[PDB]
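Notes follow once the structure below has been shown.
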Amino acid sequence: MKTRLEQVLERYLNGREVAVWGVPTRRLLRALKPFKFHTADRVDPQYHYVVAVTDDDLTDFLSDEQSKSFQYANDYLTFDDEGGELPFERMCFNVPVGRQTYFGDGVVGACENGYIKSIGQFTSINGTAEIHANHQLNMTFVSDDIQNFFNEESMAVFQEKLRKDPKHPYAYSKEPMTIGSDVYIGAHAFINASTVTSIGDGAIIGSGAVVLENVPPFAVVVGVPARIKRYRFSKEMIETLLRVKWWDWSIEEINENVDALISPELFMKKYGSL
Amino acid sequence: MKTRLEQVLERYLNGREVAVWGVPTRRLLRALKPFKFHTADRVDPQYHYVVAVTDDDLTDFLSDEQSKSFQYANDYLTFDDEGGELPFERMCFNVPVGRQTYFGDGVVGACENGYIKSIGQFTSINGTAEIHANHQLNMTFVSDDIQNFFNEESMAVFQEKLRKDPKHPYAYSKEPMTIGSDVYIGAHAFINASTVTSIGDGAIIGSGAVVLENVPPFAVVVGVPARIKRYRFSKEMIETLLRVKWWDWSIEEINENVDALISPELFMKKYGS
Amino acid sequence: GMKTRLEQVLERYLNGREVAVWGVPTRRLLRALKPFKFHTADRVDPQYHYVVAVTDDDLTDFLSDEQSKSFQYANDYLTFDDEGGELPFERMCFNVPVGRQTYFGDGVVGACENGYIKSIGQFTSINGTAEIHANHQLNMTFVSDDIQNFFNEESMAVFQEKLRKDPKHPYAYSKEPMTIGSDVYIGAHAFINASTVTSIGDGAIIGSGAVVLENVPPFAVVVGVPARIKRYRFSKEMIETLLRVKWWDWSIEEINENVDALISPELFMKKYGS
């Protein structure tokens with residue numbers, strides 16, 4: 001599956017050479033195999049695309065005077081930033097991720113594990129958020145790695161009964177969860193991939209909240225376990241938001257109607273009734 | 001002390017060459033000195049044991065077509081994975097850890113800090129679970145790093161009061177914590193090492209639970225603070241399980257009992273009074 | 001003119017010695033070390049070399065090596081990837097003064113960089129997973145921040161103007177950075193909201209997992225989500241005695257001379273109670 005960097009390079013390299021800014025990794029060299037690359041030294045954006053390996057390397061690059069002529073994404077990127085935002089849709093382990101949406105390594109892993117169907121646009125997920133599923137809870141054992149001792153027959157029996165568990169251990173027999181648009185998820189939050197299939201548009205998940213059920217659109221959930229504290233707007237305004245879907249607007253429309261985005265009062269004016 | 005990798009190599013290397021998959025580190029090369037090693041290029045399990053440095057490197061290795069013939073632990077391992085499971089009983093900073101038991105760096109530090117006496121078999125501890133002790137709560141100061149300014153005279157009287165503190169700051173003057181077999185500890189759960197001495201066999205610690213006292217065998221604890229939400233089985237089955245001790249079974253015994261391990265009702269019909 | 005933690009240590013302790021790099025170097029390390037003579041570490045002598053371990057794992061390897069036993073912390077060696085690590089002298093983390101023997105993790109390093117923290121006191125212990133973040137705006141139609149990447153000049157001016165007049169201080173706007181006092185303890189995975197908090201008082205104990213939404217009085221112990229006051233460490237008269245005496249600003253000699261009063265609260269009151 002294509003990394004974030006390979007997707008961006010396919011868009012913007014345009015015959016240039018990749019300039020590696022930092023110590024390379026095995027994952028990086030695997031991602032760069034379709035491209036010509038060399039260790040960075042003197043870089044010019046007309047001939048070079050700069051790939052910082054770590055966030056540390058990018059900080060060093062953007063402190064260098066050579067970085068002044070390089071534009072984000074168009075001319076440079078960070079390889080170890082699989083959850084970093086882009087102004088266009090991208091895949092993360094074959095999970096669609098909307099524009100201006102960012103998340104951390106826990107959600108990257110959740111995407112790799114198959115727990116996520118899609119992540120919406122303009123969605124903000126703190127880097128320490130975590131998404132994981134339950135082990136089986138109604139067998140004699142709760143361990144998962146005991147299966148490393150199962151031969152082919154025993155594993156097939158184990159896998160079949162896992163698929164029949166209505167509690168969806170390891171997120172079996174359930175839809176991967178959709179994370180909506182204009183969503184905010186606080187630091188150290190947790191979402192249970194066994195029992196959650198939807199984080200609705202506009203939802204806010206508080207810091208440290210342990211989410212065990214679907215979060216309705218524009219609901220604000222906090223606590224352990226997470227419960228609804230309030231809604232961001234009235235139900236009439238929420239229904240208007242779900243009809244207008246400003247997160248699908250053009251960049252020109254976003255600037256044209258920035259006053260409605262900045263003022264919920266004006267938004268309900270224009271769109272609530274006609 | 002013997003790292004996880006050194007224990008694996010002593011058991012499984014079998015005269016092969018260690019093929020390093022990833023950037024070598026100072027800690028890795030010190031661990032690899034007694035053995036022959038090279039940067040990994042073309043590898044075969046007959047002549048090579050693949051050591052991925054980081055989990056990112058292991059991800060790359062398993063995506064490579066060469067890894068299909070390599071079996072976990074027997075033929076490859078991750079170096080920066082001290083909490084990772086092994087098919088045999090291992091040590092982690094002189095803490096016995098049972099087969100197929102894993103945990104994260106936080107619990108690795110707890111083993112190194114002396115907070116853990118042992119961890120059972122087939123136990124699953126989420127990578128973000130953490131086990132810390134309390135600082136001293138009966139002094140004028142709560143800082144620990146102030147002791148870096150203490151000379152020998154001040155350090156002696158500081159250490160002596162910690163030793164006699166009944167609340168066990170830094171887990172002083174108490175038994176190290178035992179963690180049983182078939183235990184599950186969820187994401188960002190917390191266990192207080194100053195007060196907890198046992199997580200019983202089969203205990204489940206839910207995501208977010210803050211555990212301040214011992215967890216009975218097969219109890220499911222949740223919440224802040226942790227409370228017993230339910231027990232996994234009946235009283236008689238718990239008693240039967242503590243006598244049968246399936247977590248000590250051979251690999252073949254486990255396979256021959258897979259239906260009983262899947263179905264608690266069949267387990268009791270077979271092993272119950 | 002901000003300086004890295006390593007630069008501050010080298011300026012104070014290097015004393016014409018040569019830096020010996022212990023571990024694989026990074027781009028950021030090479031830039032920080034370039035004003036100085038440095039070599040890869042082989043055989044080292046603290047009389048002659050200053051050992052810079054790159055990562056914490058490098059430091060573990062160095063301290064397990066025979067060559068390190070004559071090396072003194074900070075005076076003779078340091079870890080580069082340890083911006084939150086304690087120093088025996090008052091230091092700066094970005095533009096934030098940090099007291100002696102005070103440590104914290106990368107999240108709080110980032111909070112210093114973001115301008116969320118005014119100062120951190122002496123002998124303060126902050127777990128590495130503690131996190132400090134501000135709120136996004138909660139009075140607009142959207143909660144996203146990266147939507148502003150699509151704002152042209154005019155939309156950004158309107159957006160920024162409303163942020164600055166928001167009394168709830170989104171992104172810590174229109175409020176003071178928070179002052180974290182001395183002798184403070186902050187447990188694992190604790191959260192402090194940079195939008196709503198301006199002071200963590202001296203002696204405060206923030207429990208593990210606590211989400212702090214309000215100012216914490218001096219010597220208060222707070223727990224839970226949200227964090228509430230559970231108790232106070234000392235009596236009122238003792239609290240005011242401590243705030244006046246300020247043992248956390250004592251010299252090293254004064255600390256050792258009065259270790260009995262630091263060990264025994266009752267003796268502290270007998271000696272310093274007015």
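Just so we're on the same page: first chain in the structure tokens is A, next is B, and so on; residues restart at 1 for each chain, and ligands are numbered from 1 in the order they show up.
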Determine, using only C-alpha atoms, which residues of chain A have any atom at most 7 Å from an atom of chain B, and tabulate each with its shortest atom pair and distance in Å to one decimal place, rows ordered by chain and then rising number, as CSV.
residue,atom,partner,partner_atom,distance
A:25,CA,B:22,CA,6.6
A:26,CA,B:22,CA,5.8
A:27,CA,B:60,CA,5.7
A:139,CA,B:262,CA,4.9
A:140,CA,B:261,CA,5.0
A:141,CA,B:182,CA,6.3
A:142,CA,B:182,CA,6.1
A:143,CA,B:122,CA,5.5
A:145,CA,B:100,CA,5.6
A:146,CA,B:122,CA,6.0
A:149,CA,B:251,CA,6.0
A:150,CA,B:255,CA,6.0
A:154,CA,B:258,CA,6.1
A:210,CA,B:208,CA,6.9
A:224,CA,B:223,CA,6.4
Neighbouring residues of residue 98 of chain C were defined as those with any atom within 7 Å, considering only C-alpha atoms; residues of the same chain fewer than 3 positions away were excluded. Please report them as a VMD selection string. chain C and resid 90 to 93 102 119 to 121
Expected answer as number ranges by chain: chain C residues within 10 Å of chain A, only C-alpha atoms: C: 24-32, 81, 107, 129-133, 135-156, 158-159, 162-163, 189-193, 209-211, 224-226
Show me, as an MDAnalysis selection string, every residue of chain C with an atom at most 6 Å from chain B, counting only C-alpha atoms. chainID C and resid 23 61 101 123 183 256 262:265
Backbone DSSP call of helix (DSSP H, G or I) for segment 80-272 of chain A, listed as a VMD selection string: chain A and resid 105 to 112 145 to 149 152 to 163 169 to 171 235 to 244 246 to 248 251 to 256 258 to 262 264 to 272
Selection near residue 197 of chain A, 7 Å with only C-alpha atoms, sequence-local residues under 2 positions removed, as a ChimeraX atom specification: /A:175-178,195,214
Preceding selection exported with C-alpha atoms as an mmCIF file, in the first residue's frame:
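Listing of out08.cif after writing:
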data_model
loop_
_atom_site.group_PDB
_atom_site.id
_atom_site.type_symbol
_atom_site.label_atom_id
_atom_site.label_comp_id
_atom_site.auth_asym_id
_atom_site.auth_seq_id
_atom_site.Cartn_x
_atom_site.Cartn_y
_atom_site.Cartn_z
ATOM 1 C CA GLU A 175 -18.483 -2.331 9.725
ATOM 2 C CA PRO A 176 -15.223 -0.414 10.217
ATOM 3 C CA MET A 177 -15.945 2.883 11.914
ATOM 4 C CA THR A 178 -16.497 6.111 9.990
ATOM 5 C CA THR A 195 -18.610 -1.321 19.700
ATOM 6 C CA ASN A 214 -21.422 5.771 18.628
#
Compile the contact shell of residue 48 of chain B as a list in words: residues with an atom at most 7 Å away, counting only C-alpha atoms, same-chain residues fewer than 6 positions apart removed. residues 16, 17, 18 and 19 of chain B
Atoms to include: N, CA, C and O atoms. Write the selected residues as a compact mmCIF listing (two decimals), in the first residue's frame.
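See again03.txt below for the written result:
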# COMPACT_ATOMS: atom_id res chain seq x y z
N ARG B 16 23.49 -19.53 13.05
CA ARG B 16 23.25 -18.71 11.87
C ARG B 16 23.84 -17.31 12.05
O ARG B 16 24.35 -16.95 13.12
N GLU B 17 23.76 -16.52 10.99
CA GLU B 17 24.19 -15.13 11.02
C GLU B 17 23.00 -14.22 11.29
O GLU B 17 21.92 -14.41 10.72
N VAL B 18 23.19 -13.24 12.17
CA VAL B 18 22.16 -12.25 12.43
C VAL B 18 22.18 -11.23 11.29
O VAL B 18 23.21 -10.61 11.02
N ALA B 19 21.04 -11.08 10.61
CA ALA B 19 20.90 -10.10 9.54
C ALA B 19 20.13 -8.91 10.09
O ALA B 19 18.95 -9.02 10.44
Tell me, as a PDB file with C-alpha atoms, in the first residue's frame, which residues lie within 9 Å of residue 104 of chain A, counting only C-alpha atoms; anything in the same chain fewer than 2 positions away does not count.
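The result, stored in out.pdb:
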ATOM      1  CA  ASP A  81       4.153  12.047   9.166  1.00  0.00           C
ATOM      2  CA  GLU A  82       1.648   9.513   7.845  1.00  0.00           C
ATOM      3  CA  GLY A  83      -1.109  11.353   9.722  1.00  0.00           C
ATOM      4  CA  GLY A  84      -0.165  14.833   8.525  1.00  0.00           C
ATOM      5  CA  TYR A 102      -4.693  15.137  10.769  1.00  0.00           C
ATOM      6  CA  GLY A 106      -2.497   5.453  17.134  1.00  0.00           C
ATOM      7  CA  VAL A 107      -4.963   6.277  14.362  1.00  0.00           C
ATOM      8  CA  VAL A 108      -2.395   5.350  11.698  1.00  0.00           C
ATOM      9  CA  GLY A 109      -2.195   1.936  13.347  1.00  0.00           C
ATOM     10  CA  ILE A 125      -7.395  14.306  16.081  1.00  0.00           C
ATOM     11  CA  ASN A 126      -4.812  14.712  18.833  1.00  0.00           C
ATOM     12  CA  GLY A 127      -1.655  12.664  18.392  1.00  0.00           C
ATOM     13  CA  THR A 128      -2.183  10.546  21.526  1.00  0.00           C
ATOM     14  CA  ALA A 129      -5.720   9.413  20.672  1.00  0.00           C
ATOM     15  CA  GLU A 130      -6.077   5.632  20.567  1.00  0.00           C
TER      16      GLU A 130
END
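Non-sequential neighbours of segment 66-70 of chain C (distance at most 9 Å, separation of 6 or more positions within a chain, only C-alpha atoms) are residues 43, 44, 45, 46, 51, 76 and 77 of chain C.
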Filtering to N, CA, C and O atoms, could you give me those residues as an mmCIF file, in the first residue's frame?
data_model
loop_
_atom_site.group_PDB
_atom_site.id
_atom_site.type_symbol
_atom_site.label_atom_id
_atom_site.label_comp_id
_atom_site.auth_asym_id
_atom_site.auth_seq_id
_atom_site.Cartn_x
_atom_site.Cartn_y
_atom_site.Cartn_z
ATOM 1 N N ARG C 43 37.300 5.959 22.507
ATOM 2 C CA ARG C 43 37.822 5.998 23.867
ATOM 3 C C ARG C 43 37.692 7.422 24.393
ATOM 4 O O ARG C 43 38.087 8.374 23.712
ATOM 5 N N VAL C 44 37.137 7.567 25.595
ATOM 6 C CA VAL C 44 36.795 8.880 26.127
ATOM 7 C C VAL C 44 37.276 9.009 27.564
ATOM 8 O O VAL C 44 37.369 8.026 28.308
ATOM 9 N N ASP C 45 37.566 10.250 27.951
ATOM 10 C CA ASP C 45 38.078 10.629 29.261
ATOM 11 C C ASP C 45 37.389 11.933 29.656
ATOM 12 O O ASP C 45 37.466 12.919 28.909
ATOM 13 N N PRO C 46 36.712 11.990 30.810
ATOM 14 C CA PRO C 46 35.960 13.214 31.148
ATOM 15 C C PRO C 46 36.857 14.429 31.315
ATOM 16 O O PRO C 46 36.390 15.566 31.137
ATOM 17 N N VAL C 51 30.679 13.786 26.518
ATOM 18 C CA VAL C 51 29.930 12.761 25.801
ATOM 19 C C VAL C 51 28.504 13.249 25.596
ATOM 20 O O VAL C 51 27.806 13.584 26.558
ATOM 21 N N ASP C 76 29.574 16.474 32.506
ATOM 22 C CA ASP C 76 30.417 15.743 31.571
ATOM 23 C C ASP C 76 29.658 15.018 30.474
ATOM 24 O O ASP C 76 30.278 14.634 29.476
ATOM 25 N N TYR C 77 28.352 14.811 30.622
ATOM 26 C CA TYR C 77 27.593 14.150 29.572
ATOM 27 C C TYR C 77 26.159 14.658 29.585
ATOM 28 O O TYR C 77 25.684 15.222 30.575
#
Write out as a PyMOL selection string all residues of segment 89-175 of chain B that backbone DSSP assigns to strand (DSSP E or B). chain B and resi 90-92+95-97+102+116-119+124-125+130-132
Can you pull out the residues contacting residue 181 of chain C? Cut-off 9 Å, using only C-alpha atoms, and skip same-chain residues under 3 positions away; I want them as a PyMOL selection string. chain C and resi 119-122+124+184+199-204+218
Could you write out the selected residues, including N, CA, C and O atoms, as a PDB file, in the first residue's frame?
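Saved file selection.pdb follows:
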ATOM      1  N   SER C 119       6.244  29.872  32.772  1.00  0.00           N
ATOM      2  CA  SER C 119       7.377  29.441  33.575  1.00  0.00           C
ATOM      3  C   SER C 119       7.027  28.127  34.251  1.00  0.00           C
ATOM      4  O   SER C 119       5.854  27.791  34.426  1.00  0.00           O
ATOM      5  N   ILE C 120       8.065  27.383  34.621  1.00  0.00           N
ATOM      6  CA  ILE C 120       7.929  26.164  35.408  1.00  0.00           C
ATOM      7  C   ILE C 120       8.922  26.245  36.561  1.00  0.00           C
ATOM      8  O   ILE C 120      10.101  26.551  36.349  1.00  0.00           O
ATOM      9  N   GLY C 121       8.447  25.972  37.771  1.00  0.00           N
ATOM     10  CA  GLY C 121       9.212  26.232  38.968  1.00  0.00           C
ATOM     11  C   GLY C 121      10.332  25.231  39.208  1.00  0.00           C
ATOM     12  O   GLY C 121      10.729  24.441  38.349  1.00  0.00           O
ATOM     13  N   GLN C 122      10.849  25.284  40.430  1.00  0.00           N
ATOM     14  CA  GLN C 122      11.968  24.453  40.844  1.00  0.00           C
ATOM     15  C   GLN C 122      11.473  23.140  41.436  1.00  0.00           C
ATOM     16  O   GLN C 122      10.430  23.086  42.089  1.00  0.00           O
ATOM     17  N   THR C 124      10.155  20.521  40.204  1.00  0.00           N
ATOM     18  CA  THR C 124       8.834  20.129  39.735  1.00  0.00           C
ATOM     19  C   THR C 124       8.960  18.871  38.885  1.00  0.00           C
ATOM     20  O   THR C 124       9.854  18.775  38.039  1.00  0.00           O
ATOM     21  N   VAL C 184       5.938  20.831  42.341  1.00  0.00           N
ATOM     22  CA  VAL C 184       4.691  20.368  41.746  1.00  0.00           C
ATOM     23  C   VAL C 184       4.887  18.947  41.238  1.00  0.00           C
ATOM     24  O   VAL C 184       5.974  18.572  40.779  1.00  0.00           O
ATOM     25  N   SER C 199      -2.526  29.156  36.101  1.00  0.00           N
ATOM     26  CA  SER C 199      -1.626  28.965  37.233  1.00  0.00           C
ATOM     27  C   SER C 199      -1.816  27.578  37.827  1.00  0.00           C
ATOM     28  O   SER C 199      -2.948  27.161  38.094  1.00  0.00           O
ATOM     29  N   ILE C 200      -0.709  26.868  38.017  1.00  0.00           N
ATOM     30  CA  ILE C 200      -0.653  25.663  38.834  1.00  0.00           C
ATOM     31  C   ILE C 200       0.217  26.006  40.036  1.00  0.00           C
ATOM     32  O   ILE C 200       1.429  26.210  39.893  1.00  0.00           O
ATOM     33  N   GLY C 201      -0.396  26.081  41.218  1.00  0.00           N
ATOM     34  CA  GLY C 201       0.287  26.624  42.376  1.00  0.00           C
ATOM     35  C   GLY C 201       1.396  25.728  42.894  1.00  0.00           C
ATOM     36  O   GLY C 201       1.479  24.538  42.585  1.00  0.00           O
ATOM     37  N   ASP C 202       2.267  26.329  43.707  1.00  0.00           N
ATOM     38  CA  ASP C 202       3.364  25.591  44.320  1.00  0.00           C
ATOM     39  C   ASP C 202       2.839  24.410  45.124  1.00  0.00           C
ATOM     40  O   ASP C 202       1.800  24.497  45.784  1.00  0.00           O
ATOM     41  N   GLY C 203       3.568  23.299  45.067  1.00  0.00           N
ATOM     42  CA  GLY C 203       3.208  22.124  45.825  1.00  0.00           C
ATOM     43  C   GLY C 203       2.002  21.366  45.322  1.00  0.00           C
ATOM     44  O   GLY C 203       1.637  20.354  45.931  1.00  0.00           O
ATOM     45  N   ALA C 204       1.370  21.809  44.237  1.00  0.00           N
ATOM     46  CA  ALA C 204       0.180  21.129  43.746  1.00  0.00           C
ATOM     47  C   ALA C 204       0.521  19.724  43.267  1.00  0.00           C
ATOM     48  O   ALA C 204       1.587  19.486  42.692  1.00  0.00           O
ATOM     49  N   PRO C 218      -2.271  26.521  45.505  1.00  0.00           N
ATOM     50  CA  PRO C 218      -1.012  25.943  45.992  1.00  0.00           C
ATOM     51  C   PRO C 218      -1.258  24.802  46.971  1.00  0.00           C
ATOM     52  O   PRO C 218      -2.096  24.901  47.872  1.00  0.00           O
TER      53      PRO C 218
END
State, in Å with one decimal place, the distance from atom CA of residue 78 of chain C to atom CA of residue 36 of chain C. 15.1 Å
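One finds atom CA of residue 76 of chain A at 10.0 Å from atom CA of residue 62 of chain A.
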In Å, rounded to a single decimal, give me how far atom CA of residue 19 of chain A is from atom CA of residue 42 of chain A. 9.1 Å
